[PDB]
Structures are given as structure tokens and as C-alpha cells.
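K.L.:
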Amino acid sequence: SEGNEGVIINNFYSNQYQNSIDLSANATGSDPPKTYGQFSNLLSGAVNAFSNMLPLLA
Amino acid sequence: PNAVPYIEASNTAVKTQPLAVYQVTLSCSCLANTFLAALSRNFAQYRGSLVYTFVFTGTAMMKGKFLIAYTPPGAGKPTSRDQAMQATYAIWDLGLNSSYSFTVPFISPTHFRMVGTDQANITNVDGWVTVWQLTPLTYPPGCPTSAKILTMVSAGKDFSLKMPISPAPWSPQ
Amino acid sequence: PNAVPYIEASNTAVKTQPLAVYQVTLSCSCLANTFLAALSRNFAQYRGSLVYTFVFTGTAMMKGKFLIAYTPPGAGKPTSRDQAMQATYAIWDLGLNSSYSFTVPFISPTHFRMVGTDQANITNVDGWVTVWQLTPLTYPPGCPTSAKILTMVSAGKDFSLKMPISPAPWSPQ
Amino acid sequence: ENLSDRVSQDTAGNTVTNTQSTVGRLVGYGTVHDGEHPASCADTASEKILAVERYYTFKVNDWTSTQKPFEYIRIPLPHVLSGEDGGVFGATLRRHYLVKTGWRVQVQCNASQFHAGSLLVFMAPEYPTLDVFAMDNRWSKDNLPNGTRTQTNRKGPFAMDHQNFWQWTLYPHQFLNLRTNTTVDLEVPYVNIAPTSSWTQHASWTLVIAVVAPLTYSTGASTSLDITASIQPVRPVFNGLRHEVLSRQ
Amino acid sequence: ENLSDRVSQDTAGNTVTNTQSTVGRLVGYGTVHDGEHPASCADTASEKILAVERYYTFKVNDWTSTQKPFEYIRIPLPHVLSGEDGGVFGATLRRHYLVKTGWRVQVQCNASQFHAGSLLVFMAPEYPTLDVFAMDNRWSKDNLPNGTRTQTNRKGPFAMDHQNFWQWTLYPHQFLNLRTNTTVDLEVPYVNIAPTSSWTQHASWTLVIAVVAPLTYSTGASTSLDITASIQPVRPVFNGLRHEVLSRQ
Amino acid sequence: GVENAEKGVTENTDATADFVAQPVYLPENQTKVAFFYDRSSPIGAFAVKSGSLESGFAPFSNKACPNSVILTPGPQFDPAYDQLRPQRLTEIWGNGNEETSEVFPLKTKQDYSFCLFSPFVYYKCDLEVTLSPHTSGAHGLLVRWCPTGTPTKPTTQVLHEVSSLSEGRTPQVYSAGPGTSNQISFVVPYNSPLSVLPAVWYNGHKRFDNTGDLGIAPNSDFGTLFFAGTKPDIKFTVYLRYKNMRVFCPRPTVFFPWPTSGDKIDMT
Amino acid sequence: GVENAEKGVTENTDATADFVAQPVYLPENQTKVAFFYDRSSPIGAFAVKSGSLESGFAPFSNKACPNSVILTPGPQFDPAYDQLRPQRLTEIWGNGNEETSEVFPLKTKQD
Amino acid sequence: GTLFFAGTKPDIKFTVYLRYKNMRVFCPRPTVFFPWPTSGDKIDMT
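Residue numbers (the deposited numbering), protein chains in the order written: chain A, 13 to 70; chain B, 59 to 231; chain C, 59 to 231; chain D, 8 to 256; chain E, 8 to 256; chain F, 1 to 268; chain G, 1 to 111; chain H, 223 to 268.
What follows is the structure, given as C-alpha cells:
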């Protein structure tokens, strides 16, 4: 059930603050999101296709 | 405390001699200056994958194979490559590609692990990463007989940290 | 204070001799260590059924009958099986089935009854559960002439408790 | 003699238990170990080893006329099966860091229709055992009911290893009453402070055998009743494979 | 340095092998061990133990300038992995009567572009090993090619443990040619006189390492090349569970 | 009703089974676990050291009225090191330690009520803490709360003239003014790395070395509290309140002494 | 996983790349930057001069406990001019200034 | 900016605390050096 609290008013602090956050873990693991934000260093020119090419060795 | 960013491979494979032994603790004096460790020291617990990256810096003419293992706790640290080989490990072959990224899997009874040590953690901590030579560094005439392997650490995509606190204050000097 | 979890049936039925007499009070020193009593001591009042369970532990070869009675207060505790038999009672016959569950009905002027006693409760309390032999324990040759009957207590589906408080502090030693 | 809806068998690998006088299997907490992987481990578990999911049978002790009420014997798990008597279970267990398992037990003891007495068999999580997690050696009434306190702690009320045996039936249990049965069958699920256990330093469950109504009989009746047990790990799941523990002892 | 469609990894449990100079995996007889139960056993097998299906890596020996053509080293299976170095494989193996398995091997040896020489690595069913089924200790050309005959058998033409090494390539094999590769990868299915094996007295498969073109190099080049191997049991299936073999040795 | 208790389970009845009666049920909600522990109870009296408001913290106790407290309902302290940082214990220490001594009042710090009645093996909850100064005059109190398993040696003063408790980004609370009500209240989250906490005993060691000492599971508390303040002579009581309590696996409670007297008890 | 760190960027993995494993992600928000710095931390102790409530202000410090403060997390003060208006510094000053001295508690004011 | 103080208890000192509201940071860079434990293979606290 619930405890000993019987106030009519909506809790002034939201729940994620008033209480701990119950989480549940699934047995088989979970995939991290793909990206944690948009910060990134980028590697360009990695590959090919296009230059002063095919004078270039085989 | 004469820290260098690398380990040295030799022309001899002693199964009894690790090239490196790191404790898997975000408190290892080994990690003390990595961003991982500096970041982590402001939180109470962590979870997830740790990534040890090795960059071979020797000659192109050299050749060799390493056995990198992660040993969970319980039976103490392995004392020979033969015991390490009984745990999680990978064989790193030298060739065109310069580095090797070894991920130590989060193996733990609790969902999270404490970041920092209170006192020092024994024979505990969460196990060990040991690096061994499988085959010796081999080379042709006219080439040095040892090479430096750069060692770095990072978080895996799995890695999480929780509850911000403050480490014990220190002075870099 | 040399508590044992059982009562002993004998090979004699004295209508004048109860095998046990329990006061129906969640304070009986008799119940002092039952979960019922330990639970109950944190509340002010109770209501509902109390269940006294008897497990026969004698030989399979033994036979016997018990008269278990509940006497409400008002006229004092019964002094012979003949007086007990005038109140609420059950006859327990020994046979294939090992135990007997006796429920003392909540008979009271008030909707609820106080859990604990302030002082000691006289000749009061809420009456008594008395156990008597109807017929003696009978047996064949080669068998012991007395047996132990395990005694337990629990709440009935009826049972309720209200108003959480704290008992007087104590030390188990 | 023993009958009908009381005649029961339990097959475990190449192991099978039979009783002709059961009273049913008490499943504690009303659930069984599901054999599911611990969500705290990234490594895939080694599970479903047939050679491991069977009954290990050995002797507990001897029940005599002398035992007093509430004297008991403790069997710490998984520890008791971590040695040589643990077979492939033990062998696998000693090379893994972590184990997650349920237990299925049967304790046995016969007498006759002319004997009287009863045992209480229960299984309890975090029950206080010997330091070294070994089966008790002899019956004892040791440190009941207030726990073990320090020598000097003259006035201390009690210690945290207290055990009020008057309430031992709060634990999943069954009675081995000589007039009624010869066997007791219990099963418990996995319960612990964490999703899997570092069994090495924690005996999370204890099988306890206690006398509640002392052994009685007339002359010529059997005089000492042996007590044996069959223990089976229920869908154990291992993780964190490394070299052997070794000093297994 | 080593390249591209030559860079290859093989994951086994918590084990993974990498090479940067492969020539492919030779699958002998063109089939792999299916992991199917032996039809000669009524008992259900213990199979699919993750802790067992991985690579065991240890050292074979040292390749030197001195080895002559056709000198070899034998590694009897499953025997080599039946001890302490066999991990849970060994431990399970010692408590079962019978085992049915395939093998997946990788043998390793690096030199440089200034070294010359080649090894022949092959796997052979019923190859004649030491009595005691142990890995050879030193390189030998022992009892090639006519087998071992009795002392007195002065005029005997040959013995049944003959081995005409000129034809060793009839066996599933790959060459470890220093100018070409650093690793050799082989896999063999289950083959035997019966549907499963009483491994205790039979080493049905032998991994053989032989020199075919002796080691050559100029001064300052590495002088002794270590030879190591990674061996993995492929879907082993165990039957006939009993107590431990014990003298495991 | 005839029954067979050996099965380990017994059918529940009301007076209705054997006699001519009626069930007498009436609803109540005070027996729910959450409701029962959702009230404050004291764990002991504490003190602040002189001039701690402006200097390095150091373990210290006034009359076995220390400086810091571990947030846990279980025993802790050990009056023999009243001047050392407190620790969790596996037994409660009486008031005196020799025959002629007394059990009450206890010397160690604990939720005696919780100890006396916790019929469960494991529990989970949030902790509401109340600090109450034993004075109705002004009182200044600085509190530092450290999650379980984090640094608990708030010993180095880094800022000249500032308490070492008052350092960092670790939660610090401070009440001190002429118009305060002197008391402090707040609720802390559940920070053990453990899924659920041992309520009485934990049958395992601290290291895999089995340097044998069973009882307490590591990091199974709600953290440590450090105090600094201005009335080094006033003591304050610390109270715990279990917010949204959850318990698992019933188990026995503390033994109650046989009345080698009547056939009933009372109070005290 | 084989890689080439020279590129200046390294592919991130989980135990899943080289072994038989599973990802073990669980959400948390305490690592966001805003959340992390959105808590109070001290920068030092200050003092007021006698009768400043009714007279001209003047730089002054009590025990290297000055009168005014620059709002910045960086170092400032310079204990040598405890009686001068404070200034931002490029180094933190130890508690003492000679061998036998001590680093904590610091004399300058900073977060 | 700068803060100037005047008051009535010239003998009481006060602590000043900062709290960063809606922090935004750009370009990661290194943090302060931590001394090599010329001791163990781990640290602690203080």
C-alpha cells in the first residue's frame, strides 16, 4: 500500500526528485543508445574514389 | 612513479612474466591520470565496459603475438600465461593494422560497482588485465630488438556513472 | 521458564487435571515468543480469531481423545473437564491425520480488545483455552506410554490489529 | 506400511529419488528458480549442464534419544557441494566467480510405528552458519536465541546472529514426524542481495535440521535413526570463468 | 606488413584468436563436428557447456636452425587438454566415460621477411603417438618411415605404426611458410571406430607439427622461433557420468 | 478442524469451521508494512566538536556522543573508540561491561525498535532524517552527507577558515540563525550498490580472502553524516524514518524473556 | 577488435565485439554537465570591517578574510595584499610560502 | 562581477558559495594532474 502521508496537494518536488528511481534490468541486456549527445571529432577522407586517378598503381 | 605511456615487448616469451598487470579498479594508480579516472572520481558508482587500447609502435619489420586476458576475482591473480589463458582473453597478432582494442566485460554480482577505494582493495578490486607475450617479438637483421606499445583506456558504449560527489581533495604537488 | 514447544499426554484421564491451560490474552507468558505475540505487541488493539494448532507426535500405534475448550470470562476458569465441557469445545480423536486446529471464537462486548496488559489481568483476560484427556492414551505392548503434542498459535482469517505503537523496551537477556 | 498418493519419485539427471510416504513438496515463497541470466553480467553464462542438475546424496547425522528440543545441524549452500562430493557441480563452481541457483532438497529418516518423535526441516536465507561455511558436526543448541556476543559485552542485549527458534516455522519448512512421514521435500528459489552471487565468500542459504519432539521408543526398537539428504542445484547459471579456486577447502 | 582479406578473428567463449596473415581455414573431410548425440548411448548427454567450447592456448616448442626435414612433434587429443590446462573441458572429461568431439586448431609462429623456412601442420586420425598419449617433448624423426619393430625382428619388413612422411600431405594440412603466413587454421570432424569414444584409452586424433624446409637467416635475425597453439573442442558431447578418473596423469 | 501440519502449510479458519459462528472481519490499514515503518524513531545522541565550524574535522565524541553517524538502523559505535570514526557492529553494547553494570541505556547507536521488530531478511527504502538539538536557544549545525561507499575522511581543510565538512560538491546542509526552528530535516535516496539490504544478518565476509568475519554486507547502509556546529555543549538526537519500505522473506524476531512470574506481561 | 588509433578516432565497443556477451546499458542522468555543476561549492571565508554599516568602504581583510570578492571560480586574492582590493590570479597560493610550510588550507580564494 | 560587504558582526566570518545555473561548456581539454601513488596499485581518500 502506501505509508503515512495524506496530503491533498500535489507534491511540490517532482518524483524523480522526491524519490529514488526504480529501474528494472532485463536479463538479456540492453543496448546503449547509439549516441550520448552530438559532440564529435570527425574523420574525413578516410577512403577514396576520385582524384587524378588511375595513373595510380595496381 | 616514473610513468611512461607505454609497455615494452621483448624478444622473449616467458609465460611466467606478464608485460603488464593492471587491476580493474577505477582507482589503480595505473589509471590515476586518464580522463576516465579523473571523470570517474567525481561519482560513487560505475557500470559497464572498460576499454584498454594498445598501439604497436615498433618497426614495420617486427612481428609478434600477445595474449591479453581479463581474470575475474575469486582465485587471485593469474601467475603465468597458462592460468590467464583460462579466463577471458584475446590473441593480438602484429601486421598491417597498428592497434588492438580489448574490452573487459562487466562481470559482477551487483548491478554497479563502487568507483573508489576506501583504504586499499587487497587481492580484490575487480580482477586483473594481464598482458603476456605468446610468441616473442621477431625481426630481421638491422632492426631494434624491442618495441614500445602505447597503452590507453576509455569507457565502452556500455559504461555508466552515477551519484556525483567530490573526491578527497589533493594537491598535484 | 523451562519452555518446551509441547505438552504431554499420559495414560490417565483425570477430569480434574488439565494438560494445559492458556489464558486468551496476547500477553500470556505462554505466547511471549510466537510471531503472533511479537507482531501484536506493536499494536493497541486486536479483533478476530485465534488459532491453537496441536500436532500429535506420539507413536502410530497410540490412540486417544482430547477435549479442547474455550471458556469466556465471567465465572472464572473451569476446574474440571466437566465444567469446561459446558463452554465451547471440540473432541480431537487420534488416527491417520496428525494435527487438530482449534479456533477460539472472538466473544466480546467490545468490537476490539486491548492487546497488552497494564499491570496483570487477574481472573480476567478474555477467558481460557484448557486441554483435557477425554480417554487416556492407549497402546499395545512395546510402545512408550506417553507422547508429546506440539502446540502452536496463529491468527485466523478473521484477525485484525490496529494502531501501531511500541511495547515497553526490553532486553532478551 | 506407506501409501498411494504418498508414493512419489523425482528424476534429476541420472538420479531419481523415491519415497512411499510423502506429504508433498513445500515450495518456499511459492516460486522456483527460473534459470534466467543475471542482468548484472555482460558475459554469457554456462547453463544447463545436465551433469550438474541432479541429486547429491550424503549423510547428515544420527538422531538419538538424547537430542533435546531445538538442537540442530546446519548445512550451508552452495558450500557443502563445492568439494569432491559436489561432482561436476563442484568442479564447475570452483572455476566460476559467480553462481545463481535454486535448491531442491529431500531429507530422509525412517523409524517404525513404535517410535515417537519429530524433526523440523527448514531452509533459510542468510541463516548464520560457521565461519568457514561447513556442515555442523554435531547437534548443538549453540548461540540460541540471542546470538553470539563478545566476551566483555557483559550487558549487551543481543547480537545480529540472533535466532529465536520459537519462530523457526516462519521459514519454508516441513515436519518429519515419525508417525507420519519418512521424507520431507522442499524447494527454494534464488534470493540474495544482488542479481547473482560471489559464492566464495557467502553461503546465502542454509538447510537446517532441528529436533522439536525428542526420540522415544521402547526396548528392542531401533535405537539410533540415521538422517541423510539429497540436494540438487535448480537451474544453476555460472558466470565469470577463471582458473580454479584451488584450495577447495 | 600483414593484410586485409588476411586479417581474421575467431571467437570461442570468452576466447578470441586474431591473425593478420591467414590463408583460410582448411576443413578436413569437408565437414564439421555436428554435436549430435551418439546413437549407442541411452543416457542423455551433457552438451553445450559454454565453459568448454573455447580455445586453450599453450606453447609447443622452439623452431631452430637445427631441425632437419620431417622431424616432428605430436600433440595427442583429447589427452593434451585432459589435465589442468584443459579447464572445465578437462574437469568434465575426467568424470565422463565417453566423449564425442571435433577439433578446431590454430598453430602460430612468426619470423620476419628476412627468414626462410616452412612447417607442415596436419591433423591425422589414429596417428601413432606415445603410449601414454603425451605431447612430444623434443623434435624427433623417430620411427619414420617403417614403424617400430621388435629388437629381434631383424628381417621384418615393417611394423603397423609405419608412417611414410613423403605422403604426409594426404592428411588435412596447411603449410606455415615464413614468407607467406604466421598462422595455420584447421578443423576436423568426429571420426572413430565407434559412434562415441572411450577417450581414456584412445587418442583418436593427433595434431602433428613437422619441419619440411629448415630454418635459414642471416646474422642479427631472430634465431629461435617459438611455436604455440590454440586448441578448441568443437561441440563436445559427454556421456557416462561417474566419479573422477583421478589419476589425471 | 482436523489438519496435518507436517506439510509445512496449514489451512486458515475462523470460528466458522467447527462451531455455529460467523466471521467477524473489519478493515484496517495500519498493518501494511510501509505504513508501519513510515514514522520516525531515534538512533542516539550526537555532538559537535568545538570550533568545528572553522577548522578541520576530526572524529570525536562528547559522552559517547560522537561527531559522525552511519545512516543505518543496525548497531554501530563501540564505546571503546568513542574517539575513532564509528563503525557498524554485530552486537549491541550494554550501558556497562561488568556484572554490576546495566543494560540500559545502551551505549551503541541503533534503531532499537527496528532491531527488536524486523521480521524480514532483506528490505529497500528511502531514508528520512531528522536532527533535533536539545536546546530551545540558537543553534548552528553544519551537516555533510556522503553516499555509502564514497570518501568518508573529511579531514583536510582546503579553504582557510572554512570547515573541512564544508568542502566540495558533496551535499552539505546548514541551519544557523536567530529565527530558525533549530531542527533539520531532509530525505536521502537509496545508494547502496546492493539490490536489497540485509536487515539483520548477512552470512558472508568482506573480502574473497574469507578473512572470516561474517555479519555485515559491505556498503549496505545509507551513507555517513558528519557534523560541525556552534553549540559544542548541546547534544542533538538523530531520527530515522523509512520511506516506502519493502521487505522480503519473513524471518524470526527478537526473543522475549519468559515471565518467571505470572501468566502475562504488561509494560516496562 | 583490431583498430588503428593513429586516425585520431577509435571505434567504441562493448564486450560484444570480441566475446560471447551482451550489452549492459542502464540509463542515468547525473552525468549531464548542467546537472553536475548545478550544486553549490565554497570559494572561501570573508569578513566585514568594523562600523562599515555607517561609513566609507575600504579594502580590508580579517584573517586573509577580506571585504569584497570577485565572482569567479578561478583563483584570486594573493595573501600578500590582504589589505588591497583583491585580484584574479593565475596560480593558487599554498597555506605557507616556505618548504616547512603547508599546502592546505589554501590562502587564495577559489572554487 | 564584484561583491562588497559591510555589516554589524565584524567578528563573524561568512562562507561564500557559487552554484552554476544552466552551465554550457565547449571544447574538452585535460584536467588537473593526480600524483602517482609511490605506494600501492590504487588510491582511496584523503
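All residues carry an ideal CB built from backbone N, CA and C; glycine is no exception.
Going by Cα to Cα distance, which pick from B:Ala226, B:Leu152, B:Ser156 and B:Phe112 is closest to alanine 78 of chain B?
P.N.:
Locating residue 78 of chain B in the second sequence gives position 20, counting from the first residue. Ranking B:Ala226, B:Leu152, B:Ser156 and B:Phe112 by Cα distance to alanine 78 of chain B puts B:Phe112 first.
K.L.:
With respect to the alpha helix (DSSP H) encompassing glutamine 141 of chain B, which residues constitute its N-terminal and C-terminal limits?
P.N.:
Position 83 of the second sequence, counted from the first residue, corresponds to residue 141 of chain B. Per DSSP, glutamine 141 of chain B belongs to the alpha helix (DSSP H) from 139-142.
K.L.:
Run through DSSP, which three-state label would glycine 262 of chain F get?
P.N.:
Here the question's residue 262 of chain F lines up with position 262 in the sixth sequence. Note: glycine 262 of chain F maps to coil in three-state DSSP.
K.L.:
Is the beta carbon of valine 218 of chain E sitting closer than 8 Å to the one on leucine 126 of chain E?
P.N.:
Residue 218 of chain E sits at position 211 when you count from the first residue of the fifth sequence. Residue 126 of chain E sits at position 119 when you count from the first residue of the fifth sequence. Their beta carbons are under 8 Å apart, which means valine 218 of chain E touches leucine 126 of chain E by this criterion.
K.L.:
Nearest to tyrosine 104 of chain C by CA position, among C:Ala205, C:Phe170, C:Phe164 and C:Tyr197, is which residue?
P.N.:
Residue mapping note: residue 104 of chain C aligns to position 46 of the third sequence, counting from 1. Distances from the alpha-carbon of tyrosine 104 of chain C to those of C:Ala205, C:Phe170, C:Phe164 and C:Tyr197 put C:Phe170 closest.
K.L.:
Is the separation between the beta-carbon of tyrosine 110 of chain B and that of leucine 208 of chain B shorter than 8 Å?
P.N.:
The count along the second sequence starts at 1 and reaches residue 110 of chain B at position 52. The count along the second sequence starts at 1 and reaches residue 208 of chain B at position 150. Judged by their CB atoms, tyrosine 110 of chain B and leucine 208 of chain B are not nearer to each other than the 8 Å cut-off.
K.L.:
For a quick check, are the C-beta atoms of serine 237 of chain E and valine 139 of chain E less than 8 Å apart?
P.N.:
For this step, residue 237 of chain E is matched to residue 230 along the fifth sequence. For this step, residue 139 of chain E is matched to residue 132 along the fifth sequence. No, these two residues do not count as a Cβ contact at 8 Å.
K.L.:
Counting along the chain, where does the beta strand (DSSP E) carrying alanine 213 of chain C start and finish?
P.N.:
Counting from one through the third sequence, the residue named residue 213 of chain C turns up at place 155. Looking at the DSSP string, the run of the beta strand (DSSP E) that includes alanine 213 of chain C is 205-213.
K.L.:
How would you write the range of the beta strand (DSSP E) that residue 257 of chain D sits in, first residue to last?
P.N.:
Past the edges of chain D, shown from 8 to 256, lies residue 257 of chain D, and the structure says nothing about it.
K.L.:
Quick one: what's got a C-beta closer than 6 Å to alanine 176 of chain F's C-beta in the same chain, skipping five residues either side?
P.N.:
Indexing the sixth sequence from 1 puts residue 176 of chain F at position 176. Listed in chain order, the non-local C-beta contacts of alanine 176 of chain F below 6 Å within the same chain comprise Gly140, local neighbours out to five positions each way being set aside.
K.L.:
Nearest chain B C-beta to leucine 57 of chain D closer than 8 Å, yes or no?
P.N.:
As a first step, residue 57 of chain D must be located in the fourth sequence, where it is residue number 50. Chain B, which has no Cβ nearer than 8 Å to the Cβ of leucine 57 of chain D, makes this no.
K.L.:
Give the interface partners of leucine 55 of chain A over in chain G, defined as CB-CB distance under 8 Å, in chain order.
P.N.:
Taking the first sequence and counting its residues from 1, one reaches residue 55 of chain A at position 43. Here the neighbours are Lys7, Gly8 and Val9.
K.L.:
Considering just the uninterrupted stretch of the beta strand (DSSP E) at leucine 116 of chain F, what are its terminal residues?
P.N.:
Numbered from 1 along the sixth sequence, position 116 holds the residue referred to as residue 116 of chain F. Where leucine 116 of chain F is concerned, there is no enclosing beta strand (DSSP E), although the alpha helix (DSSP H) it sits in stretches over 112-116.
K.L.:
State yes or no: is the beta carbon of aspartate 50 of chain E nearer than 8 Å to at least one beta carbon in chain D?
P.N.:
Within the fifth sequence, residue 50 of chain E is the residue found at index 43, counting from 1. Yes, because at least one Cβ of chain D sits closer than 8 Å to the Cβ of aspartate 50 of chain E.
K.L.:
Assign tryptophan 145 of chain F to buried or exposed, taking buried as 16 or more other Cβ atoms, counted over all protein chains shown, within 10 Å of its Cβ.
P.N.:
The residue given as residue 145 of chain F occupies position 145 in the sixth sequence. By the 10 Å Cβ count, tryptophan 145 of chain F comes out buried.
K.L.:
Residue 113 of chain G bridges to which residues according to DSSP?
P.N.:
In the structure displayed, chain G extends from 1 to 111; residue 113 of chain G sits before or after that span and is not available.
K.L.:
I'd like to check one pair, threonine 224 of chain F with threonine 155 of chain F: are the Cβ atoms closer than 8 Å?
P.N.:
In the sixth sequence, residue 155 of chain F corresponds to position 155, counting from 1. In the sixth sequence, residue 224 of chain F corresponds to position 224, counting from 1. Going by C-beta atoms, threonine 155 of chain F is not nearer than 8 Å to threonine 224 of chain F.
K.L.:
For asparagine 100 of chain C, which of F:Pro259, F:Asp263, F:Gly262 and F:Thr253 has the nearest alpha-carbon?
P.N.:
Along the third sequence, one-based indexing puts residue 100 of chain C at 42. If we check each option's Cα against that of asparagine 100 of chain C, F:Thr253 comes out closest.
K.L.:
Between D:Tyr197, D:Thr189 and D:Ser211, which lies nearest to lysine 7 of chain F when the distance is taken from Cα to Cα?
P.N.:
Locating residue 7 of chain F in the sixth sequence gives position 7, counting from the first residue. Answer by Cα proximity: D:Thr189.
K.L.:
If we cut at 8 Å on Cβ distances, does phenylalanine 124 of chain B have a partner in chain G?
P.N.:
Your numbering for residue 124 of chain B matches position 66 in the second sequence. No, because no Cβ of chain G sits closer than 8 Å to the Cβ of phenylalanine 124 of chain B.
K.L.:
Note down, in chain order, all residues in the segment 65-99 of chain D with a beta-carbon under 9 Å from any beta-carbon belonging to chain E.
P.N.:
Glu91, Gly94, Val95, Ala98 and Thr99
K.L.:
Under 8 Å: do the segment 95-112 of chain F and the segment 31-38 of chain F share three or more Cβ pairs, one atom per stretch?
P.N.:
no
K.L.:
Along the chain, where does the beta strand (DSSP E) containing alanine 98 of chain E start, and where does it finish?
P.N.:
Here residue 98 of chain E refers to the residue found at position 91 when the fifth sequence is read from its first residue. Where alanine 98 of chain E is concerned, there is no enclosing beta strand (DSSP E), although the alpha helix (DSSP H) it sits in stretches over 94-101.
K.L.:
Does any residue of chain A bring its CB to less than 8 Å from the CB of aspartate 184 of chain B?
P.N.:
Taking the second sequence and counting its residues from 1, one reaches residue 184 of chain B at position 126. No, because no Cβ of chain A sits closer than 8 Å to the Cβ of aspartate 184 of chain B.
K.L.:
Can you find a CB in chain H that lies within less than 8 Å of the CB of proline 194 of chain B?
P.N.:
Position 136 of the second sequence, counting from 1, holds the residue named residue 194 of chain B. No - not a single Cβ of chain H is within 8 Å of the one on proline 194 of chain B.
K.L.:
Residues in its own chain within less than 7 Å of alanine 210 of chain D by CB, not counting five upstream and five downstream?
P.N.:
Here residue 210 of chain D refers to the residue found at position 203 of the fourth sequence. Hits under 7 Å: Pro83, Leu84, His86, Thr136 and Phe140.
K.L.:
Would you kindly check if the distance between the Cβ of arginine 251 of chain F and the Cβ of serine 41 of chain G is under 8 Å?
P.N.:
Locating residue 41 of chain G in the seventh sequence gives position 41, where the first residue counts as 1. Locating residue 251 of chain F in the sixth sequence gives position 251, where the first residue counts as 1. No, these two residues do not count as a Cβ contact at 8 Å.
K.L.:
Taking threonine 203 of chain D as the reference, which of D:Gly20, D:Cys48, D:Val34 and D:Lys75 has the closest Cα?
P.N.:
Position 196 of the fourth sequence, counted from the first residue, corresponds to residue 203 of chain D. The shortest Cα separation from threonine 203 of chain D among D:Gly20, D:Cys48, D:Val34 and D:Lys75 belongs to D:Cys48.
K.L.:
Please report the residue range of the alpha helix (DSSP H) in which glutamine 28 of chain A lies.
P.N.:
Translated into positions along the first sequence, residue 28 of chain A becomes position 16. Start and end: 27-30.
K.L.:
What do you reckon, are the CB atoms on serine 218 of chain B and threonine 10 of chain G nearer than 8 Å?
P.N.:
Stepping through the second sequence from its first residue, residue 218 of chain B is reached at position 160. Stepping through the seventh sequence from its first residue, residue 10 of chain G is reached at position 10. No, they are not a contact pair.
K.L.:
Quick one: which chain B residues come within Cβ less than 9 Å of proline 44 of chain A?
P.N.:
The count along the first sequence starts at 1 and reaches residue 44 of chain A at position 32. Those are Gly106, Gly214, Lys215, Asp216, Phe217 and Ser218, listed as they occur along chain B.
K.L.:
Flag this pair as yes or no: are the beta carbons of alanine 205 of chain C and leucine 195 of chain C separated by less than 8 Å?
P.N.:
Position 147 of the third sequence, counting from 1, holds the residue named residue 205 of chain C. Position 137 of the third sequence, counting from 1, holds the residue named residue 195 of chain C. It is a contact, given that the beta carbons lie within the stated cut-off.
K.L.:
Locate the beta strand (DSSP E) running through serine 125 of chain D, then write down its first and last residues.
P.N.:
Counting from one through the fourth sequence, the residue named residue 125 of chain D turns up at place 118. Taken as a continuous stretch (DSSP letters only), the beta strand (DSSP E) holding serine 125 of chain D covers 123-132.
K.L.:
Below 8 Å on the Cβ atoms is my guess for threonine 117 of chain C versus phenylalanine 121 of chain D; work out the distance and round it to an integer in Å.
P.N.:
Here residue 117 of chain C is taken as the residue at index 59 of the third sequence, counted from 1. Here residue 121 of chain D is taken as the residue at index 114 of the fourth sequence, counted from 1. Between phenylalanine 121 of chain D and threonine 117 of chain C the Cβ distance is about 6 Å, and since that is below 8 Å, they are a contact.
K.L.:
Where in the segment 111-151 of chain F do unbroken runs of the alpha helix (DSSP H), each at least 4 residues long, occur, reported from the N-terminal end onward?
P.N.:
Assignment of alpha helix (DSSP H) within the segment 111-151 of chain F, counting only whole runs of 4 or more residues, yields 112-116 in chain order.
K.L.:
Checking the sheet assignment: what are the DSSP bridge partners for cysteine 48 of chain D?
P.N.:
Here residue 48 of chain D refers to the residue found at position 41 when the fourth sequence is read from its first residue. Answer is B:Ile165.
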